[PDB]
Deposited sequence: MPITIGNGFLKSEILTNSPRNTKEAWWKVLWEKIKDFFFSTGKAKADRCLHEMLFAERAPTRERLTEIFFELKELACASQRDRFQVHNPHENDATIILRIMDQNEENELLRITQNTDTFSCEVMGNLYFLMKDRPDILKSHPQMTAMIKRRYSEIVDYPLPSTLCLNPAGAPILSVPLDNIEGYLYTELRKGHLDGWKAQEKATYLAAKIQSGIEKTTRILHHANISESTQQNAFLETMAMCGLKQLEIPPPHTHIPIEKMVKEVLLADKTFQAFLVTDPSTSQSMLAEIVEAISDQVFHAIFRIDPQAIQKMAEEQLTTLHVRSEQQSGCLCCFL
């Protein structure tokens, strides 16, 4: 045994929360989370939390609770309680600029990341607050926070989006739309990555062939298949879904860079919503697609 003092004490108390093969995995989770060479990203922080919840038996799943203190959207906390709800075993808080984690009441770390979905825009900041959504069993983008340079901070909520899922809850039962959105969204991401890397690498003559080979190859690795002809129109995608709930607020500003800023906002919220649902990072996929294109190309060099 080479565990930490607070780890052994935590494990001895959480240990029985998981079945057979499940504890070896929940053990590596914890390790990545609090005892690795470095602290996880906040996004990776939240994932690990649910991998644990998902790994624990249903009996102990009510032990994994998440809420916004006094409905204070600016902050969110995830935690693992004890049987008699006697105190907190693991506490994770996430504010607007930092996030921390406590183990048995001990502060293990406070990291500071740079939440700004409008990175490509200097004179503009925008973050995304969020609250737990049991329809996806994960926190999802609750409200969008903007901070222009010349006007007060905007707090346009986006809780209407969760509705599109509740309305689909009882209908052609959303379980189906997930198979659609998953392929549509991801394949589109794979295509952007392709066209993107091709532009910057324009000086390199990357055949339209390789371009298609990469697209089919990454689609294959992800397992999904293309059958979007046509996209059963009676299906409102996440983008259109979010584009809606936005304009639904008198947010509408006439300063100027809109076609680019509004398209970015949308893409950031959609990605996260999407990630909230499928627990897949749409950007991670776009990257592996970009790497496929380059890897294939350098292969056709010989």
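No alpha-carbon coordinates exist for the deposited sequence positions 1 to 20, 275 to 279, 328 to 336, given here in order along the chain.
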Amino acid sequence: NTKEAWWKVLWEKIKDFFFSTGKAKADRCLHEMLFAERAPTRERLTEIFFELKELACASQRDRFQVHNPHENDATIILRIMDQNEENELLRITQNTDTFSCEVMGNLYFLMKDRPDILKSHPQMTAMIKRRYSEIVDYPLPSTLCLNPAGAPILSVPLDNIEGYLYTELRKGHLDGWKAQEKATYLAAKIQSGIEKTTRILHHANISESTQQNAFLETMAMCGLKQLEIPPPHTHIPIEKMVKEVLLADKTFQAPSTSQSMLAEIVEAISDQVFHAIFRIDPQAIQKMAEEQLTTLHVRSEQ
From here on, numbers count along this sequence of modelled residues.
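As the entry records it, the average C-alpha temperature factor is higher for 218 to 226, out of 218 to 226 and 181 to 189. Between 96 to 104 and 198 to 206, the higher mean Cα B-factor belongs to 198 to 206.
Sorting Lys119, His173, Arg91, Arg131 by the CA temperature factor given in the entry leaves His173 at the top. Taking the PDB entry at face value, the top CA B factor among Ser270, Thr46, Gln60, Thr251 belongs to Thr251. When the modelled residues of the chain are ordered by their C-alpha B factor, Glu244 lands in the highest third. In this PDB entry, the Cα temperature factor of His67 sits in the middle third of its chain's modelled residues. Ranked within its chain, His235 lands in the highest third, by CA B factor from the PDB record. Annotation for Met127: C-alpha temperature factor in the middle third relative to the rest of the modelled chain, per the entry. Annotation for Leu78: C-alpha temperature factor in the lowest third relative to the rest of the modelled chain, per the entry.
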